[PDB]
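Structure record follows, encoded as structure tokens.
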Amino acid sequence: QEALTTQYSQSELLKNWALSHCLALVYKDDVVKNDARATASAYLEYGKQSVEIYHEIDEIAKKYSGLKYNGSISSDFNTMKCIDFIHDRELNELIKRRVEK
Amino acid sequence: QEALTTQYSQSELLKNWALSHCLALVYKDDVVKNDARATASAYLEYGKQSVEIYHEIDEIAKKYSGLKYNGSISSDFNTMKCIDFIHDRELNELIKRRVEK
Amino acid sequence: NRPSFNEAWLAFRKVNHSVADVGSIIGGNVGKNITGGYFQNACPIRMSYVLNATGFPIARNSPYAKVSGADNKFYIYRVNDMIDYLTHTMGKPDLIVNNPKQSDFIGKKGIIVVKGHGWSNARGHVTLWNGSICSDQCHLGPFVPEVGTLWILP
Amino acid sequence: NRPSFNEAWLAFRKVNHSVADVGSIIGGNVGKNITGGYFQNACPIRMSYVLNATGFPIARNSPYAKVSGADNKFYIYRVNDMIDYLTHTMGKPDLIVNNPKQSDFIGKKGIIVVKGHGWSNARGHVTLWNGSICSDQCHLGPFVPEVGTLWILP
């Protein structure tokens with residue numbers, strides 16, 4: 001199966017990059033980190049934007065990846081940091097602002 | 001930090017559940033799987049829907065989690081299955097249809 | 001009326017285990033959902049077990065999401081639902097404490113509800129309290145309790 | 001004109017390693033981005049290394065996304081950009097093959113582009129070809145080649 005990678009709009013690719021890259025930050029396991037890294041690079045391939053936009057998405061991602069989340073069940077809730085991240089107003093505004101459409 | 005969990009609308013919670021649950025399916029590492037499982041349960045907590053809607057979201061998730069994705073770099077692209085999954089038309093329609101708003 | 005304290009405390013212990021073990025103990029749709037990983041917070045499931053075991057079973061047509069166990073009895077799986085269920089079946093609470101601490105509950109025993117902020121998976125918790133400790137004390141910081149509620153069990 | 005084949009093949013070997021190693025070899029912003037995990041596909045970076053090393057450097061104002069190495073030369077990091085760059089600098093391709101197979105390219109050597117479907121991270125690949133094998137053969141099934149393009153290197 002070929003993935004849906006070529007079907008995404010430019011801002012969808014940037015949102016997809018944001019999510020996968022954030023997952024690459026929060027998870028410790030190498031196989032998982034590499035997987036998320038590899039997945040993010042696919043969205044970078046199809047982007048029309050300069051590398052600095054991804055650096056900036058990473059700047060915003062690190063404000064979530066550094067958070068400590070707690071619950072009444074045992075977990076660091078790493079996955080949730082990245083889900084909270086992709087709803088971030090500054091992230092969506094950054095993407096909407098972009099110079100390279 | 002408390003996560004943003006209580007700020008999500010009902011369909012946003014279902015979308016967040018879909019993503020995290022799919023990540024729980026595709027990754028092999030226990031710590032990562034547990035984390036994604038724990039994260040999904042948080043979105044279930046705040047839902048107003050019966051358990052069968054999550055069972056159905058899982059039915060659709062398994063059509064992506066079972067896919068084989070390939071590339072010119074070494075990876076199973078597991079993360080990408082779940083990103084493709086959350087853009088799924090049947091998933092979004094299932095959520096929009098829901099009996100329990 | 002209300003479950004006796006002694007029977008409630010005893011019942012809770014049977015399911016005071018990891019959520020996976022709780023699923024094995026209870027079986028049926030509870031077990032299937034825990035095996036599938038759909039349920040990870042055993043808190044409202046344990047409370048349901050207590051009510052079911054002590055002669056105060058959760059009614060099938062109760063307006064809360066629930067699944068059956070191998071016993072064909074019903075298990076509420078959301079904390080908020082479990083809390084609301086108790087508010088509607090238990091009568092007037094015996095102690096309501098704003099900004100509570102454990103020391104406010106010393107000398108009294110029954111069903112405790114704490115609601116607060118700081119948790120990412122829930123608005124609060126429901127457990128048993130024997131006047132000194134909670135029944136799930138071994139499973140329990142960043143949670144800031146806003147309201148503590150106790151229904152005394154005889 | 002074009003990079004000599006021998007110099008191109010030699011240059012490619014210096015960077016025929018894991019993308020992490022490629023980052024260590026090249027350094028500068030290439031290395032920083034690979035260390036940060038932003039670049040995972042070394043394919044267009046290796047091709048850039050070849051052009052830079054053989055006297056055909058990628059121009060700074062070339063209309064493609066690029067980063068500098070420790071050498072202060074420029075490295076294109078998208079496969080599609082690398083392909084398009086070649087189309088615009090290399091002149092008329094020497095072989096264009098619809099639905100290509102490796103046997104269509106036997107006896108000729110230079111820069112090969114294959115475009116096809118089946119990959120989730122790219123529309124194709126760019127590498128060197130010596131008449132028998134690709135320079136990155138050791139790093140390379142579900143890819144179905146649609147078009148094969150060769151620029152002969154002397």
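Residues being assigned to a helix (DSSP H, G or I), surrounded by fewer than 18 Cβ atoms within 10 Å (Cβ to Cβ) and within 14 Å of chain B (Cβ to nearest Cβ): count how many of those fall in segment C:17-28.
Number satisfying all stated conditions: 2.
On the basis of being surrounded by fewer than 22 Cβ atoms within 10 Å (Cβ to Cβ), charged (D, E, K, R), in contact with an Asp or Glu (Cβ under 9 Å, 6 or more places away or on another chain) and not in a helix (DSSP H, G or I), does residue C:108 make the cut?
yes
If I filter segment B:52-69 down to residues being surrounded by 19 or more Cβ atoms within 10 Å (Cβ to Cβ) and within 8 Å of another protein chain (Cβ to nearest Cβ), which single residue comes out as nearest to residue A:29 (Cα to Cα)?
Top of the filtered list is B:69.
Take the residues in segment D:113-126 that are in contact with a helix residue (DSSP H, G or I) (Cβ under 7 Å, 6 or more places away or on another chain) and assigned to a strand (DSSP E or B), then tell me which one is farthest from residue D:154 (Cα to Cα).
Only one residue fits best here, namely D:124.
Restricting to segment D:47-79, name every residue that is over 17 Å from residue D:125 (Cα atoms), aromatic (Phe, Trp, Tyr) and surrounded by 18 or more Cβ atoms within 10 Å (Cβ to Cβ).
Scanning segment D:47-79 gives a single hit, D:74.
For segment A:79-96, give me each residue that is charged (D, E, K, R) and not in a helix (DSSP H, G or I).
Matches in segment A:79-96: A:88 only.
Filter segment C:36-71 down to the residues that are away from chain B (no Cβ under 13 Å), under 18 Å from residue C:84 (Cβ atoms) and not aromatic (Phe, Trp, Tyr) and list them by number.
C:46, C:47, C:48, C:50, C:51, C:52, C:57, C:58, C:59, C:60, C:61, C:62 - these are the residues of segment C:36-71 that are away from chain B (no Cβ under 13 Å), under 18 Å from residue C:84 (Cβ atoms) and not aromatic (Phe, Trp, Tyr).
I'd like the residue in segment A:1-15 that is within 7 Å of another protein chain (Cβ to nearest Cβ) and of a type in the set (S, T, N, Q) and, out of all such residues, is nearest to residue D:66 (Cα to Cα).
That would be A:5.
Tell me, which residue of segment A:21-33 that is of a type outside the set (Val, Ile, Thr) and surrounded by 18 or more Cβ atoms within 10 Å (Cβ to Cβ) is farthest from residue D:66 (Cα to Cα)?
Checking each candidate, the answer is A:27.
Checking the condition facing another protein chain (nearest Cβ under 8 Å), under 26 Å from residue C:119 (Cα atoms) and surrounded by 22 or more Cβ atoms within 10 Å (Cβ to Cβ), which residue from B:18, B:38 passes?
Working: B:18 fails: facing another protein chain (nearest Cβ under 8 Å).
Being facing another protein chain (nearest Cβ under 8 Å), under 26 Å from residue C:119 (Cα atoms) and surrounded by 22 or more Cβ atoms within 10 Å (Cβ to Cβ) holds for just one of B:18, B:38, which is B:38.
Of the conditions (1) within 14 Å of chain B (Cβ to nearest Cβ); (2) outside any strand (DSSP E or B); (3) more than 25 Å from residue C:55 (Cα to Cα), residue C:138 fails just one. Which one is it?
(1)
Exactly one condition in (1) among the polar types (S, T, N, Q); (2) assigned to a loop (DSSP other than H, G, I, E, B); (3) surrounded by 19 or more Cβ atoms within 10 Å (Cβ to Cβ) is not met by residue D:1; state its number.
Going through (1) among the polar types (S, T, N, Q); (2) assigned to a loop (DSSP other than H, G, I, E, B); (3) surrounded by 19 or more Cβ atoms within 10 Å (Cβ to Cβ) one by one, residue D:1 breaks only (3).
Bear in mind that the values in this text are calculations on the coordinates, not laboratory data. Virtual Cβ from ideal backbone geometry, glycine too; neighbours counted across all protein chains shown.
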